[PDB]
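Q: Sharing a structure below in structure tokens format, with a few things to ask.
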């Protein structure tokens, strides 16, 4: 059916621009065609849904043969020019004029692991997380070469001969790396990520980390080369991304009976099951598991960051929960102090083989655009990795000042941290910067500090005995009647809270400052090691600013400020 | 007869241009100035000439590599006939100045090669001296004749056209007059100054020669015209397999508001913009307005509004560079001296301070600086330039800049000035601060040009209007508790420098000096114990 229906698709393409009045007495696809010959728009995309409404041929067929119905979409477009033209391959032959594809959910954005031997020749879309941003170049496609004895232009895609640019066919291209979303991997596997083939005006377009669109799809320029798909020497089908597009944005107690009762009571009793109590900490984890990213327009850009540090590592095996957190937390990545370089968080550059020069690829922070940032051993992130941290204070903070590259990337996540205590366990006689050793100067910056003194409370130990001894009896770690949940459901229980975007009753403007006065009054009055800031006020606000997301008020209430106080009162010698 | 490789007819517009050189008249003053004085090398503009002739014109960029020759001929066809009894050995090659509106070579096409272009950029560095081979000759073997190759006119400056008999240049080149060629690399940096940020601009593979060699310096600002070239990247010189990108490198061939002003004039007429802009400046915070003041002038607890302000400066301004100690040493400012390891040769490696000449430095963590560094700043500030006596380029580095920073060394003496973020210990002011945030929970571009036109146009003069007052002043500033007989005057004038750099008034009085008293006074007081 494919190799010899050339007249149809040309007939088809001869009529599809004519198939409507939506391009102003022309079809929308023909709207561009006059804009094409006039060089108004040069690249093209295709919503293939418009074809299947009258002819799923070239829709299911292109889905069966992307290449051919790619290539055949062109060769009509090749000879279709004179019909709209305002004036081997003649020189102009779509030479700066390009074609992409789009349409129904028959090409759902697929998984980096799910590329296949079936995916060869396939119509191919993907979403996921970005990195490996190469240095763009221009790139020739056709050696418009010279028959010097003969004169006029000659074209090879490929001795005394010269190969000369003046008629050759070029493109601006890159390498990219899509990555899994960190969301469809509730798994004991690596979040996969892919070498991407990247071109056109869809280069110089976007940054790492984005959740995006793709179409990883072959070019019309060649079917296979001189013949059908069978060949003897062949480089790789990798992801020929067409239509890369950002994802800005993709269980109710009213219909169900769910969000009615306090998650800030209840969610504790159904999160952190193995954990030996101390849900108080979990609240901020709950708060961070809510985060504060989705803001209302009051310019609170620091709302997104719940920047917590936890101090001392075999604290209950608090080492564990960050996985639990990441088991909760999508858009989330875990790292350790001295496990890798700053590019565990940050980014760096060198050559690659496949395509693209010096791909900047980045770490968790570069991976965590508004993510959840989870650390082991914050202390071993020695001065280098102490630093972009100390920038990532400031949200979009992966800044570069290097010869060829001097960008910043959008480090926008929020930070929970595990840091061993200074060569020895916590000590009341030794201070932070004596029992801790990391900068107070940083620790200050954290929204909250909390420690877990593994201490001789023999009864709670005896509970912990009871706690663990219940384990390997079963996994009923919260046997006081709590019904656990799906972290997705929790995520669904989270997401509705994220979208609240509250904003306080300004009459409350006293109640915080009212308290923050007395609070900071007492702290500066008390003159102990505890030291706060105005980021306190932000943090204080910012806590309540998330407390009401669960307490789905869309505004803020006294209790959250009283709770966030109580958190601070609970934070009071949380170290 | 045609050049299909570039589609130019046999001279194809020539005889329009010969008359052009005589028909431009209102050149005719310049037409003899080249032959009679002996100053070749035309220096056109973005060629406005397009009011004369479009068929001449449209070609100008078009494939004009086959035309500029004909020009450098066609001029000389006329010019040698104009004054052949002058110094006519001064052949002419054009050198445009502020050329056609380049599409920010960041954005130019893969296509965009045979194209006269111009930079909007900044220099990263120069070649320093590396020119290259000119012309050939081999020896063959019928009693070995020394065979012209690129000495043979009509042949090409290829690679491998000179693949043998090096002395048949490398000595003979002296003995046979092909003394080797001439070309100058530069690494520049496209920089639109309010780029989108993150994504970054295009540095330059400059190479082209002419004895405009070195008349572009490192760090330089741009007025610069060129033409594109590139070359396909071999998979290896050992092979013919192809990296299908051409290695760009460029033929250097270089050399509303009044209504806003009227608005500025109202702002200039406006009497307390020092307060109003202060009320506008760094608005993000409540009091410490006093601190906020001098940034305008200087324009002219960790991060406790500080980097914010410095970022306010960073944000406000193209000319400046933010950094700090403790991870980034002097190197992030200067003296990062180090090599191109791909080539293994030292480079004048530096930093923000080299980004900062006629700029404003936003250091932080000034407490954290070493003595292996910060002896830099011991030397810098007493210079405003930096002697780099080094391996490949012994030099000094004009950093005629500005600085400010703050930290949490006998030479505070130097500083522009920084202040004491101390605790008012007032819950009410906190509440006022809180209210400032609880309330928290254009002027710039106007400012951006307010600062400018004075940086463009204005030049204060502190004469007997108030030159006396300085003399009256440091008397008053030294004497209380009797130092200001030191350069405090030179600071004071550097403060009184501002208000007349404000106001579009090039002349000064006690007021517009006298404010700077309070500043240096309060700055002394707040810094005093």
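Just so you know, the numbers here start at 1 and follow the chain as drawn.
For this deposited structure, the header notes the method as electron microscopy, 4.4 Å.
Using the three backbone atoms N, Cα and C, a Cβ is placed for every residue, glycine included.
Annotations per Swiss-Prot:
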BINDING   B:286, B:306, B:307, B:408  ATP 2 binding site
MOD_RES   B:54  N6-acetyllysine
MOD_RES   B:265  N6-acetyllysine
MOTIF     B:413-416  motif 'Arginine finger'
Q: Taking only the Cα atoms, work out how far residue B:306 (ATP 2 binding site) lies from residue B:54 (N6-acetyllysine), in Å, as a whole number.
A: 57
Q: Whose Cβ, among the recorded positions B:265, B:306, has more other Cβ atoms within 10 Å than any of the rest?
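A: In terms of Cβ crowding, the pick is B:306.
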Q: Does residue B:307 (ATP 2 binding site) have same-chain partners at least 6 apart in sequence with Cβ under 8 Å from its own Cβ, and which are they?
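A: The answer is B:322, B:362, B:364.
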Q: For the ATP 2 binding residues given in the record (B:286, B:306, B:307, B:408), what is the largest pairwise C-alpha separation in angstrom?
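A: Farthest Cα pair among residues binding ATP 2: 20 Å.
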Q: Reduce the DSSP letter at residue B:408 (ATP 2 binding site) to three states and note it down.
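A: Reduced to three states, the DSSP call for residue B:408 (ATP 2 binding site) is coil.
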Q: Using C-alpha atoms only, work out the spacing between residue B:286 (ATP 2 binding site) and residue B:265 (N6-acetyllysine) and round it to an integer in Å.
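A: Roughly 28 Å, rounded to the nearest whole number.
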Q: I'd like the per-state residue tally for the motif 'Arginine finger' (B:413-416) from DSSP, helix first, then strand, then coil.
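A: Counting residues per DSSP class in the motif 'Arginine finger' (B:413-416), I get 2 helix, 0 strand, 2 coil.
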Q: Cα of residue B:408 (ATP 2 binding site) to Cα of residue B:54 (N6-acetyllysine): how many Å, rounded?
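A: Cα to Cα, residue B:408 (ATP 2 binding site) and residue B:54 (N6-acetyllysine) are separated by 65 Å.
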Q: Between residue B:265 (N6-acetyllysine) and residue B:54 (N6-acetyllysine), what is the CA-CA distance rounded to a whole number of Å?
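A: About 43 Å separates the two Cα atoms.
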Q: Far apart in sequence but close in space: which same-chain residues, 6 or more away, have a Cβ under 8 Å from residue B:54 (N6-acetyllysine)?
A: none
Q: Give the number of CB atoms, excluding that of residue B:408 (ATP 2 binding site) itself, located within 10 Å of its CB.
A: 10
Q: Going by DSSP, is residue B:286 (ATP 2 binding site) sitting in a helix, a strand, or coil?
A: coil
